[PDB]
Amino acid sequence: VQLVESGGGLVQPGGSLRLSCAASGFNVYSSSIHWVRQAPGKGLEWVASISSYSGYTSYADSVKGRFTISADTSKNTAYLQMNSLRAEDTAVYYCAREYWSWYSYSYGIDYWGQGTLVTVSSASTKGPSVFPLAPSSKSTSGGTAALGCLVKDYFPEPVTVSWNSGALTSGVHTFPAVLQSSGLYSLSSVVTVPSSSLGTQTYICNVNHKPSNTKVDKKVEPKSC
Amino acid sequence: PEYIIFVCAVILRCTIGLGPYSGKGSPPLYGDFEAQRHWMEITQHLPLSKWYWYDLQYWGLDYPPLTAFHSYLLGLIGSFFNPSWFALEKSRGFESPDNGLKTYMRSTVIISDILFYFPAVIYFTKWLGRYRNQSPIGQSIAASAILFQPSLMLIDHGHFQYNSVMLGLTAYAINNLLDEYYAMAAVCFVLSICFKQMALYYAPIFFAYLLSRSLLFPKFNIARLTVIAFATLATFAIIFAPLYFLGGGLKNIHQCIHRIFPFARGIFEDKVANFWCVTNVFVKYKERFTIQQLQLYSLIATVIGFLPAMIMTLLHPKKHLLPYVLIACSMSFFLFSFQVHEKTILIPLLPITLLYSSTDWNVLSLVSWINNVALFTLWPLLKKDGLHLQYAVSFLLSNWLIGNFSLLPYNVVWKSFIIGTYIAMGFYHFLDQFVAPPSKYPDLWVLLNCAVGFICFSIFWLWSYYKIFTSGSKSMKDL
Amino acid sequence: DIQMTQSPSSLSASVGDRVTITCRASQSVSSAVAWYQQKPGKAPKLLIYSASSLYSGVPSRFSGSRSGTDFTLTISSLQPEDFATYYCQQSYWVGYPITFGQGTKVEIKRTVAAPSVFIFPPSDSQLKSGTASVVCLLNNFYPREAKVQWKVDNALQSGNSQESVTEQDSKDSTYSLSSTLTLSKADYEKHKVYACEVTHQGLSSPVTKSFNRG
Ligand SMILES: CC(C)=CCC/C(C)=C/CC/C(C)=C\CC/C(C)=C\CC[C@H](C)CCOP(=O)(O)O[C@@H]1O[C@H](CO)[C@@H](O)[C@H](O)[C@H]1O
């Protein structure tokens, strides 16, 4: 009663993949598998389907030919082969069941796969570059003192950052990474303090990328003017 | 003494069985001939638990088992004659220059006809004549008119379907009904279903008829009830067991069932002399309602149609009433169902043609009229299937040899109507052969056909209900 | 061919309120439309199918309906644990492609707030990297609708700026925002004064924040 996905990772454009979805305790010849993909930060979008009784594949008007769905009830498995993989096809992918009945009486999409990530890109795994969001030298003393640190030119996802290595976890913000045109990413850690307290407390942010296995730390301070 | 028909009929059939197989020169996905060849191919190379799963996008098996078994037998024999014809995944689109394998398939169709269609109708006419003590010449004519029914002869030979088998099986069912061998009649029926699910149209009759006769009509008899329950269930079990046991089991039973009755698709995509194909062009159902509303309205329509006939059957089961009520129910089904194609009309044409044996003149006139009409409403299929000529060949032949040169009922109303429709048919045959459609919507003539057939069939079915209600006068039954 | 227009783009309503989402069909040839809920991160969960049947396992404050071609969903007693994105989804029949809505995000309604603005120039560390990247921040405002414009040496730049927001906070439930702007090292050095101008509903008078180089 719970689908599972398998097969997902970086693939250069022109590449190919074959995502697999395995069922659990329900026949897959009576469910009309769909493959619903969601682009990052966008709405859901259906891709391909099946009828499970008459092999009626129907591919969305963007994936004519480049993809090909398939099924196998011998082992309750469903496959989606991918052949072109243009740069924008990066997304999350779910397999989804939908149980029709007599008189075309739908029953909705009961069971959803947990979801796999797919990243279509052409670039080498790169480590991050940090620059401190130094607090304004002429900041208003006592009150608002907002500072942070920027990470830029890192690939792929994800990256984690903290302040004073967990010793500063109040009023903090982590802006989602935006895939800049050059192809890398970037983001930032921000927090504010009393400006009087700023002249007292030490502040060091702490960044770590699991894919590159790289830990960096950095003290932030107002540039001397 | 009279067997001359028994041979000239076969000569006629084989002479027609020279035309084009359906879908001749159809590169990507051929016609029906290819479907039959392909089922015979894949039935003799895969385990029993893989006949329904193999290739469900290329003519995957579609009929109940008996079609599978019969095609398996014929495939065995054809392989014996030559295995190179049935090359698995290779002879997919066999097209021999020397016309190999074509004469073979035609011989198969002919033999199936001879075995399961001829003797049934022949013995049935024998029975009726015997009971009514008529001239043997009369009975010979009453059989030779039937066997030359043009529509069926054309659709079996050339277009290549085995409708004959299921037809004759239901004929045997009717016979066994006449001679009260009910326990065998039920079995002939259940056999006829399992060859083509399309013959479910008569179930609303046989259900009520057997029910009344055995259970209720003479007395509240009980024995025969368990008899027939024994027999029918036995038939179903012995015909489905090779699937469940020797195959994947209940999985394969469920796949078979849902592969016999596939879910509905599209709305009114085929032009047939149905009820919706006609009124769709005015009211444009596509926008008025959803799909489930139409699948419910069609069901209610068919039930409302064949209900009165079922009630009257349960009320007055009499041997001299069957052809009428069978026509009532078959026509109720073919007139209002949701997805009907260009054929199926043959399935009402069984209890229509079974009427030639009657003594009245109006009935014979009407029956010949409607057979001509039915032959007509199949013209588009033929035209887009070749058969430029055989259409008119058999059209002529059947009308000639039934005595149409000396003809019409004894009533100007019916006469005016029949002649008008005949003009219409003649008329239409021009508007396509030389005239082009207005190009504002080209496929019009076909819709003109979808139309002109509907009026005919509707009035016919109404006259069938008429003949039911007006009769039941406890007439001599020798009619 | 086939699609659905989900309206409106975005609502806000606090607890207890009752609200309604509409979904204008394209051709009403089928009545199988489902309404799904998605929390961030997870996979959507079925709520309503066959256009009126409540799913088994969902509180009954939800109620669907069909109006000819204008399907409709209603929530009566909006609880705080019901804020997610809701999707209309139509499927015609078996072998026919299906299509989803465009997305509807409920969120909390509250008082306006003011976006605290700040700005940061590139640092010498980045001045070794090869490019400059100025940034300016907005914080703790409401409503979420706001905008900023870069203005460098008295101009109005465009195309080379990127903006980002986070999700509404849990405790105080407001938004922040960053807008960065990338230039080549010599490009940034070509100009002297830099600014970004904030406009926002909660902002009575659109403010500017600027600095000369150094
Ligand atoms: C006492 C007894 C025997 C009771 C029997 C009760 C039975 C047999 C009930 C059967 C009804 C059932 C189990 C389900 C109803 C079927 C359904 C919900 C939808 C059916 C959809 C299709 C369209 C109807 C069945 O399909 P079918 O009966 O096989 O009709 C063929 O539809 C083709 C369409 O193009 C034609 O081309 C072809 O000519 C024609 O034969």
# chains A, B, ... in the order shown; residues from 1 in each chain; ligands from 1
>>> select_by_dssp(residues="region 18-224 of chain A", states="alpha helix (DSSP H)", output="list in words")
residues 195, 196, 197 and 198 of chain A
>>> write_last_selection(atoms="N, CA and C atoms", output="CSV table (one decimal), in the first residue's frame")
chain,number,residue,atom,x,y,z
A,195,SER,N,22.8,46.2,18.1
A,195,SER,CA,24.1,46.7,17.6
A,195,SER,C,25.1,46.9,18.7
A,196,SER,N,24.6,47.3,19.9
A,196,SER,CA,25.4,47.3,21.1
A,196,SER,C,26.0,46.0,21.4
A,197,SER,N,25.1,44.9,21.3
A,197,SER,CA,25.5,43.6,21.5
A,197,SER,C,26.5,43.1,20.5
A,198,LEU,N,26.4,43.7,19.3
A,198,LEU,CA,27.3,43.3,18.2
A,198,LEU,C,28.7,43.6,18.6
>>> residues_near_ligand(ligand="ligand 1", cutoff="7 Å", atoms="only C-alpha atoms and all ligand atoms", output="number ranges by chain")
A: 102-103; B: 197-198, 200, 203, 207, 260-264, 338-341, 343-344
>>> closest_atom_pairs(of="chain B", to="chain A", cutoff="9 Å", atoms="only C-alpha atoms", output="tab-separated table")
residue	atom	partner	partner_atom	distance
B:53	CA	A:53	CA	8.7
B:55	CA	A:55	CA	8.4
B:56	CA	A:54	CA	5.3
B:57	CA	A:55	CA	6.1
B:60	CA	A:54	CA	8.6
B:255	CA	A:53	CA	7.5
B:258	CA	A:53	CA	7.5
B:259	CA	A:53	CA	7.0
B:262	CA	A:53	CA	8.2
B:263	CA	A:104	CA	6.7
B:264	CA	A:104	CA	6.9
B:265	CA	A:104	CA	8.5
B:291	CA	A:104	CA	7.6
B:292	CA	A:103	CA	5.9
B:295	CA	A:103	CA	6.2
B:296	CA	A:103	CA	7.9
>>> write_last_selection(atoms="N, CA, C and O atoms", output="mmCIF file, in the first residue's frame")
data_model
loop_
_atom_site.group_PDB
_atom_site.id
_atom_site.type_symbol
_atom_site.label_atom_id
_atom_site.label_comp_id
_atom_site.auth_asym_id
_atom_site.auth_seq_id
_atom_site.Cartn_x
_atom_site.Cartn_y
_atom_site.Cartn_z
ATOM 1 N N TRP B 53 -1.760 -11.413 -22.157
ATOM 2 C CA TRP B 53 -0.823 -10.399 -21.719
ATOM 3 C C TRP B 53 0.226 -10.063 -22.759
ATOM 4 O O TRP B 53 1.002 -9.131 -22.541
ATOM 5 N N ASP B 55 0.795 -8.929 -26.226
ATOM 6 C CA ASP B 55 0.964 -7.633 -26.886
ATOM 7 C C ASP B 55 -0.409 -6.979 -26.959
ATOM 8 O O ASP B 55 -1.134 -7.146 -27.940
ATOM 9 N N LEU B 56 -0.745 -6.213 -25.935
ATOM 10 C CA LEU B 56 -2.083 -5.660 -25.835
ATOM 11 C C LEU B 56 -2.252 -4.386 -26.632
ATOM 12 O O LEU B 56 -3.258 -3.695 -26.466
ATOM 13 N N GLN B 57 -1.303 -4.058 -27.497
ATOM 14 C CA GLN B 57 -1.459 -2.950 -28.420
ATOM 15 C C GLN B 57 -1.525 -3.406 -29.868
ATOM 16 O O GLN B 57 -1.732 -2.580 -30.759
ATOM 17 N N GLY B 60 -4.360 -7.765 -29.484
ATOM 18 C CA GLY B 60 -4.337 -8.704 -28.383
ATOM 19 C C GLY B 60 -5.660 -9.420 -28.296
ATOM 20 O O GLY B 60 -6.674 -8.877 -28.734
ATOM 21 N N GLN B 255 -8.194 -10.722 -15.657
ATOM 22 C CA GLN B 255 -7.703 -10.090 -16.871
ATOM 23 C C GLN B 255 -8.573 -10.458 -18.058
ATOM 24 O O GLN B 255 -8.911 -9.603 -18.876
ATOM 25 N N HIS B 258 -12.028 -8.440 -17.742
ATOM 26 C CA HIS B 258 -11.880 -7.038 -18.100
ATOM 27 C C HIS B 258 -11.318 -6.842 -19.494
ATOM 28 O O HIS B 258 -11.299 -5.707 -19.974
ATOM 29 N N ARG B 259 -10.846 -7.897 -20.148
ATOM 30 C CA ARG B 259 -10.430 -7.802 -21.536
ATOM 31 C C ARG B 259 -11.540 -8.154 -22.505
ATOM 32 O O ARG B 259 -11.421 -7.856 -23.696
ATOM 33 N N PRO B 262 -14.030 -4.136 -22.296
ATOM 34 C CA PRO B 262 -13.143 -3.015 -21.984
ATOM 35 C C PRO B 262 -13.944 -1.778 -21.620
ATOM 36 O O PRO B 262 -15.118 -1.636 -21.962
ATOM 37 N N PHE B 263 -13.292 -0.877 -20.896
ATOM 38 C CA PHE B 263 -13.954 0.354 -20.508
ATOM 39 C C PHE B 263 -14.267 1.190 -21.740
ATOM 40 O O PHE B 263 -13.612 1.088 -22.778
ATOM 41 N N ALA B 264 -15.280 2.034 -21.616
ATOM 42 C CA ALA B 264 -15.672 2.852 -22.746
ATOM 43 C C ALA B 264 -14.635 3.933 -23.002
ATOM 44 O O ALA B 264 -13.954 4.408 -22.095
ATOM 45 N N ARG B 265 -14.517 4.312 -24.266
ATOM 46 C CA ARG B 265 -13.583 5.348 -24.663
ATOM 47 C C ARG B 265 -14.264 6.227 -25.695
ATOM 48 O O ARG B 265 -15.068 5.750 -26.497
ATOM 49 N N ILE B 291 -19.721 12.016 -19.505
ATOM 50 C CA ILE B 291 -19.706 10.672 -20.062
ATOM 51 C C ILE B 291 -20.507 9.704 -19.201
ATOM 52 O O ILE B 291 -21.212 8.836 -19.722
ATOM 53 N N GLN B 292 -20.438 9.830 -17.876
ATOM 54 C CA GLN B 292 -21.167 8.896 -17.023
ATOM 55 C C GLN B 292 -22.667 9.067 -17.184
ATOM 56 O O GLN B 292 -23.423 8.091 -17.120
ATOM 57 N N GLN B 295 -23.465 7.070 -20.236
ATOM 58 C CA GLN B 295 -23.419 5.634 -20.007
ATOM 59 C C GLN B 295 -24.548 5.159 -19.111
ATOM 60 O O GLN B 295 -24.892 3.976 -19.145
ATOM 61 N N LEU B 296 -25.134 6.045 -18.314
ATOM 62 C CA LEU B 296 -26.311 5.666 -17.545
ATOM 63 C C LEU B 296 -27.589 5.793 -18.360
ATOM 64 O O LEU B 296 -28.482 4.944 -18.256
#
>>> closest_atom_pairs(of="chain C", to="chain B", cutoff="12 Å", atoms="only C-alpha atoms", output="tab-separated table")
residue	atom	partner	partner_atom	distance
C:26	CA	B:287	CA	10.8
C:27	CA	B:287	CA	7.2
C:28	CA	B:290	CA	6.4
C:29	CA	B:290	CA	4.5
C:30	CA	B:290	CA	4.6
C:31	CA	B:290	CA	6.1
C:32	CA	B:290	CA	9.3
C:33	CA	B:290	CA	11.9
C:50	CA	B:292	CA	10.7
C:66	CA	B:290	CA	11.5
C:67	CA	B:289	CA	12.0
C:68	CA	B:289	CA	8.8
C:69	CA	B:287	CA	10.2
C:91	CA	B:291	CA	11.7
C:92	CA	B:291	CA	8.7
C:93	CA	B:265	CA	6.6
C:94	CA	B:265	CA	6.8
C:95	CA	B:265	CA	7.4
C:96	CA	B:265	CA	8.6
>>> write_last_selection(atoms="N, CA, C and O atoms", output="mmCIF file, in the first residue's frame")
data_model
loop_
_atom_site.group_PDB
_atom_site.id
_atom_site.type_symbol
_atom_site.label_atom_id
_atom_site.label_comp_id
_atom_site.auth_asym_id
_atom_site.auth_seq_id
_atom_site.Cartn_x
_atom_site.Cartn_y
_atom_site.Cartn_z
ATOM 1 N N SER C 26 -12.457 23.340 -19.187
ATOM 2 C CA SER C 26 -12.335 23.774 -20.571
ATOM 3 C C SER C 26 -13.444 23.198 -21.441
ATOM 4 O O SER C 26 -14.171 23.949 -22.097
ATOM 5 N N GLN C 27 -13.598 21.880 -21.462
ATOM 6 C CA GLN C 27 -14.752 21.248 -22.085
ATOM 7 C C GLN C 27 -15.327 20.256 -21.094
ATOM 8 O O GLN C 27 -14.634 19.326 -20.675
ATOM 9 N N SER C 28 -16.582 20.465 -20.707
ATOM 10 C CA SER C 28 -17.216 19.659 -19.670
ATOM 11 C C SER C 28 -17.704 18.359 -20.290
ATOM 12 O O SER C 28 -18.894 18.147 -20.518
ATOM 13 N N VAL C 29 -16.757 17.466 -20.560
ATOM 14 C CA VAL C 29 -17.084 16.182 -21.165
ATOM 15 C C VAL C 29 -16.803 15.092 -20.143
ATOM 16 O O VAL C 29 -16.984 13.904 -20.418
ATOM 17 N N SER C 30 -16.363 15.483 -18.955
ATOM 18 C CA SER C 30 -16.158 14.495 -17.910
ATOM 19 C C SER C 30 -16.309 15.172 -16.565
ATOM 20 O O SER C 30 -16.000 16.354 -16.415
ATOM 21 N N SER C 31 -16.785 14.403 -15.591
ATOM 22 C CA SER C 31 -17.067 14.915 -14.258
ATOM 23 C C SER C 31 -16.159 14.297 -13.206
ATOM 24 O O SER C 31 -16.533 14.233 -12.032
ATOM 25 N N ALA C 32 -14.977 13.834 -13.598
ATOM 26 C CA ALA C 32 -14.015 13.256 -12.664
ATOM 27 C C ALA C 32 -12.930 14.296 -12.415
ATOM 28 O O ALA C 32 -11.948 14.387 -13.150
ATOM 29 N N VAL C 33 -13.118 15.093 -11.369
ATOM 30 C CA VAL C 33 -12.147 16.099 -10.962
ATOM 31 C C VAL C 33 -11.868 15.919 -9.482
ATOM 32 O O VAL C 33 -12.797 15.876 -8.669
ATOM 33 N N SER C 50 -14.281 12.280 -7.829
ATOM 34 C CA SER C 50 -15.565 12.225 -8.519
ATOM 35 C C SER C 50 -16.385 13.494 -8.316
ATOM 36 O O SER C 50 -17.608 13.478 -8.468
ATOM 37 N N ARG C 66 -20.023 20.668 -8.421
ATOM 38 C CA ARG C 66 -19.840 20.918 -9.837
ATOM 39 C C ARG C 66 -20.900 21.904 -10.289
ATOM 40 O O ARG C 66 -22.072 21.769 -9.930
ATOM 41 N N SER C 67 -20.491 22.906 -11.063
ATOM 42 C CA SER C 67 -21.422 23.885 -11.618
ATOM 43 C C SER C 67 -21.163 23.971 -13.115
ATOM 44 O O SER C 67 -20.492 24.888 -13.592
ATOM 45 N N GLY C 68 -21.681 22.996 -13.851
ATOM 46 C CA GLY C 68 -21.684 23.055 -15.295
ATOM 47 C C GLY C 68 -20.305 22.859 -15.880
ATOM 48 O O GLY C 68 -20.010 21.824 -16.482
ATOM 49 N N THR C 69 -19.450 23.863 -15.705
ATOM 50 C CA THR C 69 -18.058 23.767 -16.123
ATOM 51 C C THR C 69 -17.129 24.480 -15.149
ATOM 52 O O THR C 69 -15.994 24.807 -15.516
ATOM 53 N N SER C 91 -9.413 14.396 -15.241
ATOM 54 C CA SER C 91 -9.061 13.267 -16.088
ATOM 55 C C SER C 91 -10.290 12.875 -16.881
ATOM 56 O O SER C 91 -11.344 12.614 -16.299
ATOM 57 N N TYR C 92 -10.160 12.831 -18.203
ATOM 58 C CA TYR C 92 -11.345 12.671 -19.042
ATOM 59 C C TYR C 92 -11.839 11.231 -19.040
ATOM 60 O O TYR C 92 -12.940 10.940 -18.564
ATOM 61 N N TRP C 93 -11.026 10.315 -19.547
ATOM 62 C CA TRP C 93 -11.347 8.899 -19.514
ATOM 63 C C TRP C 93 -10.046 8.128 -19.667
ATOM 64 O O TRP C 93 -8.956 8.709 -19.624
ATOM 65 N N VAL C 94 -10.165 6.818 -19.887
ATOM 66 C CA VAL C 94 -9.080 5.890 -19.577
ATOM 67 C C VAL C 94 -7.796 6.269 -20.304
ATOM 68 O O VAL C 94 -6.781 6.594 -19.681
ATOM 69 N N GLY C 95 -7.818 6.239 -21.630
ATOM 70 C CA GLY C 95 -6.585 6.453 -22.364
ATOM 71 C C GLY C 95 -6.291 7.895 -22.720
ATOM 72 O O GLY C 95 -5.459 8.159 -23.593
ATOM 73 N N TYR C 96 -6.948 8.840 -22.051
ATOM 74 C CA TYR C 96 -6.832 10.249 -22.396
ATOM 75 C C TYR C 96 -5.979 10.967 -21.369
ATOM 76 O O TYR C 96 -6.186 10.780 -20.162
#
>>> residues_around(residues="residue 417 (chain B)", least_positions_apart="5", cutoff="12 Å", atoms="only C-alpha atoms", output="number ranges by chain")
B: 366, 369, 408-409, 411-412, 422-424, 455-456, 459-460
>>> write_last_selection(atoms="C-alpha atoms", output="PDB file, in the first residue's frame")
ATOM      1  CA  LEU B 366     -41.033  -7.045 -44.826  1.00  0.00           C
ATOM      2  CA  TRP B 369     -37.091  -5.452 -47.385  1.00  0.00           C
ATOM      3  CA  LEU B 408     -44.779  -6.044 -51.978  1.00  0.00           C
ATOM      4  CA  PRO B 409     -47.381  -6.137 -49.173  1.00  0.00           C
ATOM      5  CA  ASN B 411     -51.207  -2.226 -48.237  1.00  0.00           C
ATOM      6  CA  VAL B 412     -50.382   1.021 -50.026  1.00  0.00           C
ATOM      7  CA  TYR B 422     -35.674   1.934 -52.146  1.00  0.00           C
ATOM      8  CA  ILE B 423     -35.520   5.200 -54.085  1.00  0.00           C
ATOM      9  CA  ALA B 424     -33.498   6.686 -51.228  1.00  0.00           C
ATOM     10  CA  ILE B 455     -35.773   5.107 -39.670  1.00  0.00           C
ATOM     11  CA  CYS B 456     -35.999   1.658 -41.229  1.00  0.00           C
ATOM     12  CA  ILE B 459     -40.148   1.238 -37.661  1.00  0.00           C
ATOM     13  CA  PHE B 460     -39.187  -2.412 -37.983  1.00  0.00           C
TER      14      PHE B 460
END
>>> closest_atom_pairs(of="chain C", to="chain A", cutoff="7 Å", atoms="only C-alpha atoms", output="tab-separated table")
residue	atom	partner	partner_atom	distance
C:32	CA	A:106	CA	6.1
C:34	CA	A:108	CA	6.2
C:43	CA	A:114	CA	6.6
C:46	CA	A:110	CA	6.4
C:49	CA	A:108	CA	5.4
C:50	CA	A:106	CA	6.4
C:93	CA	A:104	CA	6.3
C:94	CA	A:51	CA	6.3
C:95	CA	A:56	CA	5.6
C:96	CA	A:58	CA	6.9
C:97	CA	A:58	CA	6.1
C:98	CA	A:46	CA	7.0
C:99	CA	A:46	CA	6.4
C:100	CA	A:45	CA	6.4
C:102	CA	A:43	CA	5.9
C:103	CA	A:43	CA	5.9
C:120	CA	A:133	CA	6.7
C:125	CA	A:131	CA	6.5
C:126	CA	A:131	CA	6.5
C:164	CA	A:175	CA	6.5
C:165	CA	A:175	CA	6.4
C:166	CA	A:175	CA	5.6
>>> residues_around(residues="region 139-144 of chain B", least_positions_apart="6", cutoff="10 Å", atoms="only C-alpha atoms", output="ChimeraX atom specification")
/B:2-6,8-9,118,121-130,133,354-358,398,401-402
>>> atom_distance(atom1="CA of residue 32 (chain B)", atom2="CA of residue 161 (chain B)")
7.8 Å
>>> decode(residues="region 36-53 of chain B", atoms="N, CA and C atoms", output="PDB file, in the first residue's frame")
ATOM      1  N   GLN B  36      -6.855 -12.074 -37.180  1.00  0.00           N
ATOM      2  CA  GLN B  36      -7.091 -13.506 -37.047  1.00  0.00           C
ATOM      3  C   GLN B  36      -5.792 -14.284 -37.199  1.00  0.00           C
ATOM      4  N   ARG B  37      -5.007 -13.944 -38.220  1.00  0.00           N
ATOM      5  CA  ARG B  37      -3.729 -14.615 -38.415  1.00  0.00           C
ATOM      6  C   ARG B  37      -2.840 -14.464 -37.188  1.00  0.00           C
ATOM      7  N   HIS B  38      -2.838 -13.280 -36.584  1.00  0.00           N
ATOM      8  CA  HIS B  38      -1.948 -13.028 -35.460  1.00  0.00           C
ATOM      9  C   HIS B  38      -2.399 -13.770 -34.217  1.00  0.00           C
ATOM     10  N   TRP B  39      -3.707 -13.864 -33.986  1.00  0.00           N
ATOM     11  CA  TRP B  39      -4.143 -14.626 -32.824  1.00  0.00           C
ATOM     12  C   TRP B  39      -3.808 -16.091 -33.007  1.00  0.00           C
ATOM     13  N   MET B  40      -4.043 -16.622 -34.208  1.00  0.00           N
ATOM     14  CA  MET B  40      -3.659 -18.003 -34.469  1.00  0.00           C
ATOM     15  C   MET B  40      -2.160 -18.190 -34.305  1.00  0.00           C
ATOM     16  N   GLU B  41      -1.383 -17.160 -34.625  1.00  0.00           N
ATOM     17  CA  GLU B  41       0.060 -17.239 -34.463  1.00  0.00           C
ATOM     18  C   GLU B  41       0.437 -17.324 -32.991  1.00  0.00           C
ATOM     19  N   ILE B  42       0.067 -16.309 -32.213  1.00  0.00           N
ATOM     20  CA  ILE B  42       0.535 -16.239 -30.837  1.00  0.00           C
ATOM     21  C   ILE B  42      -0.151 -17.234 -29.924  1.00  0.00           C
ATOM     22  N   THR B  43      -1.199 -17.914 -30.379  1.00  0.00           N
ATOM     23  CA  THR B  43      -1.823 -18.876 -29.483  1.00  0.00           C
ATOM     24  C   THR B  43      -1.016 -20.166 -29.405  1.00  0.00           C
ATOM     25  N   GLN B  44      -0.245 -20.482 -30.449  1.00  0.00           N
ATOM     26  CA  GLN B  44       0.508 -21.730 -30.504  1.00  0.00           C
ATOM     27  C   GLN B  44       1.986 -21.548 -30.180  1.00  0.00           C
ATOM     28  N   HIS B  45       2.356 -20.460 -29.516  1.00  0.00           N
ATOM     29  CA  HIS B  45       3.743 -20.271 -29.130  1.00  0.00           C
ATOM     30  C   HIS B  45       3.919 -19.774 -27.708  1.00  0.00           C
ATOM     31  N   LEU B  46       2.847 -19.503 -26.978  1.00  0.00           N
ATOM     32  CA  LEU B  46       2.964 -18.970 -25.635  1.00  0.00           C
ATOM     33  C   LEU B  46       2.184 -19.848 -24.676  1.00  0.00           C
ATOM     34  N   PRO B  47       2.614 -19.933 -23.432  1.00  0.00           N
ATOM     35  CA  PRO B  47       1.841 -20.679 -22.436  1.00  0.00           C
ATOM     36  C   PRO B  47       0.436 -20.136 -22.308  1.00  0.00           C
ATOM     37  N   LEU B  48      -0.441 -20.882 -21.646  1.00  0.00           N
ATOM     38  CA  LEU B  48      -1.821 -20.437 -21.538  1.00  0.00           C
ATOM     39  C   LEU B  48      -1.932 -19.179 -20.690  1.00  0.00           C
ATOM     40  N   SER B  49      -1.042 -19.001 -19.723  1.00  0.00           N
ATOM     41  CA  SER B  49      -1.069 -17.814 -18.887  1.00  0.00           C
ATOM     42  C   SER B  49      -0.392 -16.622 -19.545  1.00  0.00           C
ATOM     43  N   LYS B  50      -0.194 -16.661 -20.860  1.00  0.00           N
ATOM     44  CA  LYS B  50       0.353 -15.501 -21.551  1.00  0.00           C
ATOM     45  C   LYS B  50      -0.317 -15.249 -22.893  1.00  0.00           C
ATOM     46  N   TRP B  51      -1.560 -15.675 -23.072  1.00  0.00           N
ATOM     47  CA  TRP B  51      -2.279 -15.315 -24.283  1.00  0.00           C
ATOM     48  C   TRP B  51      -2.881 -13.927 -24.205  1.00  0.00           C
ATOM     49  N   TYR B  52      -3.297 -13.505 -23.019  1.00  0.00           N
ATOM     50  CA  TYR B  52      -3.959 -12.225 -22.846  1.00  0.00           C
ATOM     51  C   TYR B  52      -3.003 -11.102 -22.493  1.00  0.00           C
ATOM     52  N   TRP B  53      -1.760 -11.413 -22.157  1.00  0.00           N
ATOM     53  CA  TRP B  53      -0.823 -10.399 -21.719  1.00  0.00           C
ATOM     54  C   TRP B  53       0.226 -10.063 -22.759  1.00  0.00           C
TER      55      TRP B  53
END
